[PDB]
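Visitor: If you read the sequences in order, they're chains H and L. Numbered according to the authors' numbering, the first sequence spans residues 1 to 52, 52A, 53 to 82, 82A to 82C, 83 to 126, 134 to 213. Numbered according to the authors' numbering, the second sequence spans residues 1 to 27, 27A to 27E, 28 to 213. Let me give you the structure first, and then I'll get to my questions.
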Amino acid sequence: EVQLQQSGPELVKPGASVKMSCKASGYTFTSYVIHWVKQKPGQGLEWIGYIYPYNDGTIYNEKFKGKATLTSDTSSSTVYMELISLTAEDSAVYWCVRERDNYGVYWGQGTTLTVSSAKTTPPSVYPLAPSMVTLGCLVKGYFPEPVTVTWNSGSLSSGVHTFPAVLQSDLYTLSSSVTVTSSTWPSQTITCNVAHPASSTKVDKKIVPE
Amino acid sequence: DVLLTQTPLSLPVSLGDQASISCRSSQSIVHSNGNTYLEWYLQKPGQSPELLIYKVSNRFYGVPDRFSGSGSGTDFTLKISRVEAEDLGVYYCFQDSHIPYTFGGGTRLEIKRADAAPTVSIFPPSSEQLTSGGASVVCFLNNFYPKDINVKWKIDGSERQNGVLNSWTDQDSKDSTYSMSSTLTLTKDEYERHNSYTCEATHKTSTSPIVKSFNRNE
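Have a look at this one:
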C-alpha cells in the first residue's frame, strides 16, 4: 500500500527557515509526482507546487516562488519542502500529496507549522470528575498548537468531545469530555492522555471520584 | 489564474434530502488533451481531503454512488442524491487543467435534524488546579441541536461575564448534533470568596433554560 509519512509539527521563529519532509513508501518512488498544499485557517486550500522525483523538475504557484523550494532524495524516497524568511503568514498545515492512481488517493497526514517568537509551554492537565456519567480533562495554558488528546490510550473513542482550543493571554486552552456507563467507572479506570509535540510531553491523568 | 467560485458558502440540508453545490471557473479549463480536469473533494475536520469526483463527472472508485458530478463550459455541479450524516464537512472543487492549480473556497454542508436538548455537566476546579493557585469552572453542553445556544454564568446568583470562554465542536458525523464547552476562569482568591456557581443554557428560540449548579461549600 502507498503511504506518505510527513515530519512532525514545528515551532519556528520568524526569519528562520524550516525544511519539512514527506517519506514515500509502497510504490516506485521516481515514477509519480508529489504536490504540496497549504491549509491556513481562513484561506481554504492553496496548491504550492510539485516535484517529479524522476528528474527533480519542479513547478511552483507564483505565490510561493522565492519562498518554497522542493527537493527529492531517491536513496531515502523522501521529498522535502523548505520555506525561508519565515513569517506568521507561513503558519499553516502543510500537506504532501502523491499523484492519484486507481487504488486510492494519497495524502500525507499533514505538518502543522507555527511561526512565532513565543516559547514552548507544555499544558497543565487537570481531571474533571463529578446511567451515563460525563468525565473530563482540562488542558490549560499551552503553546503552540497542536495537542493530542485521547482516552484510555485511544481504546475509548465513542462518546468523546474534544473542543477546539481558544487563545487566552497568549496561551491555548481546551477541554475534552467523555461519557461512559456508570457500571464501568470507577470500577474500571478512565484516563485522558495529553501529548504535546512541541514540548515532547505526554501526561496520563486518571479520573478519580472527588 | 483560474479562479473557482463556489455557491453557496454553506448549505443546510435535511437528513435524507438531496443537495447540490456549484463551482464556476473564471475561464475555460479544458486541458490541451481534450479533457476537463475538475475534481470535487470532501474534507472532514482534521482529515485530509477525500476525492469524490474527477474529470467533472467520473465517480472515483470506493465513493458512494449517491455522489455525482456534471457540468460544461464554466459551471460544474456536485449533487448528493440522499444526504447521510457522514456526508457533513467542507466540499471543495479543484482544477488541475492549468497552472497554477487552484481550489474553490469551500462549501460547508450542514445537516438539519430535530431539536435536541444539551446534556449539561458542570465541574468545579479540580483539587490539583486549586493546589497550583488557579480556579477554572468547566461546563459541557453536549449533543444539542440547533447550533445557536447561549450560555450565561452566575456567581452567588448574580450574572457573571468576566472570564468566560466558549468553544464549539464541528457538527457530529453520527447524530448531526453540536457540542459546546464554556469555561469560567477566575483567580483562586475570587473563587474562594463565593459559594454558588451556575452554568445556564438558553436557546435563542425558548426562554426556558437548562441549568447546572454546584456550591463550593459541599
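Every residue gets a Cβ at the ideal spot worked out from N, C-alpha and C, and that includes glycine.
What's the C-alpha gap between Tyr-59(H) and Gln-42(L)?
Guide: Against the first sequence, residue 59(H) aligns to sequence position 60. Against the second sequence, residue 42(L) aligns to sequence position 47. Between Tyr-59(H) and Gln-42(L), the C-alpha separation is close to 25 Å.
Visitor: When burial is assigned at 16 or more other CB atoms within 10 Å of the CB, is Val-85(L) buried or exposed?
Guide: As a position in the second sequence, residue 85(L) is number 90, starting the count at 1. So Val-85(L) ends up on the buried side.
Visitor: Evaluate residue 215(H) with the Cβ neighbour count: other Cβ atoms within 10 Å of its Cβ, from every protein chain shown; 16 or more gives buried, anything less gives exposed.
Guide: Absent from the model: residue 215(H). The displayed extent of chain H is 1 to 213, so no value can be given.
Visitor: Are the Cβ atoms of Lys-74(L) and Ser-63(L) separated by less than 8 Å?
Guide: To locate residue 74(L), count along the second sequence from 1; it is residue 79. To locate residue 63(L), count along the second sequence from 1; it is residue 68. In contact: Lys-74(L) and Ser-63(L) (Cβ atoms closer than 8 Å).
Visitor: Indicate the three-state DSSP secondary structure (helix, strand or coil) for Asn-60(H) in the structure shown.
Guide: If you number the first sequence from 1, residue 60(H) lands on position 61. Coil at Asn-60(H), not helix or strand.
Visitor: Within this structure, are the beta carbons of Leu-82C(H) and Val-18(H) separated by less than 8 Å?
Guide: Position 86 of the first sequence, counted from the start, is the residue given in the question as residue 82C(H). Position 18 of the first sequence, counted from the start, is the residue given in the question as residue 18(H). Cβ atoms of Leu-82C(H) and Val-18(H): closer than 8 Å.
Visitor: When the Cα atoms are used, what is the spatial distance from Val-181(H) to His-164(H)?
Guide: Residue numbering aside, residue 181(H) sits at position 178 when the first sequence is read from its first letter. Residue numbering aside, residue 164(H) sits at position 161 when the first sequence is read from its first letter. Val-181(H) and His-164(H): Cα-Cα distance of roughly 6 Å.
Visitor: Between the beta-carbon of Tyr-87(L) and the beta-carbon of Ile-150(L), is there less than 8 Å?
Guide: For the purposes of this step, residue 87(L) is taken as the residue at position 92 of the second sequence. For the purposes of this step, residue 150(L) is taken as the residue at position 155 of the second sequence. No. Outside cutoff.
Visitor: According to a CB-to-CB cut-off of less than 8 Å, which residues of the stretch 168-186 of chain H neighbour chain L?
Guide: Of all residues in the stretch 168-186 of chain H, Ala-168, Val-169, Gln-171, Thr-176, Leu-177, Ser-178, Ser-180, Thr-182 have a Cβ within less than 8 Å of some Cβ in chain L.
Visitor: Under 7 Å between beta-carbons, which chain L residues line up against residue 129(H)? List them in chain order, please.
Guide: Residue 129(H) falls within a stretch that is absent from the model, since chain H runs 126 to 134 with no residues between.
Visitor: Assuming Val-89(H) and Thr-108(H) make a contact with CB atoms under 8 Å, what is their CB distance in whole Å?
Guide: As a working note, residue 89(H) is residue 93 in the first sequence. As a working note, residue 108(H) is residue 112 in the first sequence. Yes, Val-89(H) and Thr-108(H) are in contact; Cβ-Cβ is about 5 Å, under 8 Å.
Visitor: Please check the pair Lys-209(H) and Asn-196(H), which I expect to be a contact at CB under 8 Å, by giving their CB distance rounded to whole angstroms.
Guide: Position 206 of the first sequence, counted from the start, is the residue given in the question as residue 209(H). Position 193 of the first sequence, counted from the start, is the residue given in the question as residue 196(H). Incorrect: roughly 10 Å between the Cβ atoms, too far for contact.
Visitor: Could you pull out every residue in the same chain whose Cβ sits closer than 6 Å to the Cβ of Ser-162(L), ignoring the five residues on either side in sequence?
Guide: Taking the second sequence and counting its residues from 1, one reaches residue 162(L) at position 167. So the qualifying residues of the chain are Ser-176.
Visitor: Kindly list, in the order they appear in chain L, the residues whose Cβ is closer than 7 Å to that of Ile-58(H).
Guide: The residue you call residue 58(H) lines up with position 59 of the first sequence. Residues of chain L passing the Cβ test: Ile-94.
Visitor: Is there a Cβ from chain H that is less than 8 Å from the Cβ of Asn-137(L)?
Guide: Here residue 137(L) refers to the residue found at position 142 of the second sequence. Closer than 8 Å to some Cβ of chain H, the Cβ of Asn-137(L) qualifies, so yes.
Visitor: Would you call the stretch 27-42 of chain H and the stretch 161-178 of chain H in contact, with 3 or more CB pairs under 8 Å?
Guide: The stretch 27-42 of chain H, when compared against the stretch 161-178 of chain H, does not touch it at the 8 Å Cβ threshold.
Visitor: Could you check the C-alpha separation between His-93(L) and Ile-106(L) for me, to the nearest Å?
Guide: As a position in the second sequence, residue 93(L) is number 98, starting the count at 1. As a position in the second sequence, residue 106(L) is number 111, starting the count at 1. The alpha-carbon atoms of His-93(L) and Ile-106(L) are separated by roughly 34 Å.
Visitor: Buried or exposed, going by whether 16 or more other CB atoms sit within 10 Å of the CB of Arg-188(L)?
Guide: Translated into positions along the second sequence, residue 188(L) becomes position 193. Exposed.
Visitor: If contact means a Cβ-Cβ distance below 9 Å, which residues of the stretch 49-72 of chain L contact chain H?
Guide: Here the close residues are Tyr-49, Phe-55, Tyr-56, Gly-57.
Visitor: Indicate the three-state DSSP secondary structure (helix, strand or coil) for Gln-6(H) in the structure shown.
Guide: On the first sequence, residue 6(H) is found 6 positions in, with the first residue counted as 1. Looking at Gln-6(H) - three-state DSSP - the assignment turns out to be strand.
Visitor: Taking the straight line between their C-alpha atoms, what separation do you get for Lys-169(L) and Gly-162(H)?
Guide: Position 174 of the second sequence holds residue 169(L). Position 159 of the first sequence holds residue 162(H). One C-alpha to the other measures close to 11 Å.
Visitor: Taking only beta-carbon atoms, is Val-159(L) less than 8 Å away from chain H?
Guide: Indexing the second sequence from 1 puts residue 159(L) at position 164. No, its Cβ sits nowhere closer than 8 Å to a Cβ of chain H.
Visitor: Can you determine whether any heavy atom of the ligand GDP sits closer than 7 Å to the C-beta of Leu-73(L), and answer yes or no?
Guide: In terms of ligand content, the structure shown is empty, and the ligand GDP therefore cannot be addressed.
Visitor: Quick one: measure Cβ to Cβ for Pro-149(H) and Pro-9(H), integer angstroms, because I've assumed they're closer than 8 Å.
Guide: The sequence position of residue 149(H) within the first sequence is 146, counting from 1. The sequence position of residue 9(H) within the first sequence is 9, counting from 1. Right, the Cβ-Cβ distance comes to about 6 Å (below 8 Å), so this counts as a contact.
Visitor: State buried or exposed for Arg-94(H), treating a residue as buried only when at least 16 other CB atoms are found within 10 Å of its CB.
Guide: Sequence index remark: in the first sequence, residue 94(H) carries index 98 (1-based). By the 10 Å Cβ count, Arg-94(H) comes out buried.
Visitor: Decide if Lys-143(H) is buried, meaning its Cβ has at least 16 other Cβ atoms within 10 Å, or exposed.
Guide: Counting from 1 along the first sequence, the entry for residue 143(H) is found at position 140. The residue in question, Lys-143(H), is buried, as its Cβ has 16 or more Cβ neighbours within 10 Å.
Visitor: Starting from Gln-124(L) and walking both ways along the alpha helix (DSSP H), at which residues does that stretch end?
Guide: The residue given as residue 124(L) occupies position 129 in the second sequence. From DSSP, the alpha helix (DSSP H) with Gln-124(L) extends over 122-126.
Visitor: Using the beta-carbon of each residue, which ones in chain L are nearer than 9 Å to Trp-154(H)?
Guide: For the purposes of this step, residue 154(H) is taken as residue 151 along the first sequence, with counting starting at 1. Those within 9 Å of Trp-154(H) in chain L number zero; the least Cβ separation is about 14 Å.
Visitor: What residues of chain L sit near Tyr-122(H), judged by a beta carbon separation below 7 Å?
Guide: One-based indexing of the first sequence puts residue 122(H) at position 126. Correct list: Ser-121, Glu-123, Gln-124.
Visitor: Can you give the Cα-Cα distance for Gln-90(L) and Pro-167(H), rounded to whole angstroms?
Guide: Numbered from 1 along the second sequence, position 95 holds the residue referred to as residue 90(L). Numbered from 1 along the first sequence, position 164 holds the residue referred to as residue 167(H). Spanning the two alpha carbons is a distance of roughly 31 Å.
Visitor: Any C-beta of chain H sitting closer than 8 Å to the C-beta of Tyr-87(L)?
Guide: Position 92 of the second sequence, counted from the start, is the residue given in the question as residue 87(L). Taking Cβ atoms only, chain H reaches closer than 8 Å to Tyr-87(L), which makes this a yes.
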